[PDB]
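A single chain, nothing else alongside it, follows as structure tokens in the form deposited in one PDB entry.
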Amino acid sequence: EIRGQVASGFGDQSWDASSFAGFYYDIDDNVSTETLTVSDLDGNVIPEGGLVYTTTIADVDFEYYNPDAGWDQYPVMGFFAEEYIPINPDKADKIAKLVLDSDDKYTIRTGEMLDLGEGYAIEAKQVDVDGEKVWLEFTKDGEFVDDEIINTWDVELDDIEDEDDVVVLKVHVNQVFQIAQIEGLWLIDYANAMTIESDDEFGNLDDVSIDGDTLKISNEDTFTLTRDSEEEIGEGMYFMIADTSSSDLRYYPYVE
């Protein structure tokens, strides 16, 4: 249980990352994307449309920052307190998990591998193209995906959540010795990507509105803040509502 700030009385209330520790926040980039609002109370009853979760895409610099190499920003989005990466930086509805955002130095020997996590790997081999060159092979769980010959390599795949031209991997090479030096690795788990649709239900937040770079999700039925109780909002989010008389209302959101 991670709580947010307590709300008092019968007026409106709003939570973001600063006031609710359960929301995604990234301190190095100073970025957050999520809000929860309660509006239009009739006593302790929130009316339809009155409980609203919102999330908006933000952009953050790659760990390996280098504008002169084409490494500027990548998109991020809180989705029910978990970091996700939109596969397209202007569209909130299609997202994947970040596997790596690194600026460390790795070395790959031409016989060798580099396990990137979650069955993603990159293999190096020696090739001839107008002389001796290094050949990097991006694989997944035992399957070819893409190649380049060797500074920024970008892997753009097709049919990722029904989209094309989607960068799932970035690799920057510092140097090659005669073994390669990587400094700049960025990868998303595109094989387990997901899509948010208008018809989706997320607990009692079951009215989904998709507005480009923003997702808004609200309640279709009235939501009652019953006193002396815990009530599910959805996806691990709850409210705790104090045991007071009906002369008061005191409650806070939490994540489990």
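Heads up, when I say rigid core I mean the largest set of C-alphas that superpose within 1.5 Å between the two forms. Only residues modelled in both forms are compared. Residue positions are given as counts along the sequence shown, with the first one as 1.
One more form of this protein exists, namely the form deposited in another entry; it is left out here, but the text below deals with it.
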In a fit on the core, which one among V173, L114, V127, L157 has a Cα that moves 2 Å or more between the shown form and the other one?
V127
Checked in the other entry: CA of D103 to CA of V127 differs by 3 Å or more, atoms lying closer
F144 to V129, Cα distance in the other entry relative to here: closer or farther, by 3 Å or more?
farther
I need the moving stretches between the shown form and the other one: superpose on the rigid core, then report runs of 3+ consecutive residues where each CA shifts by 2 Å or more, in sequence order.
127-134
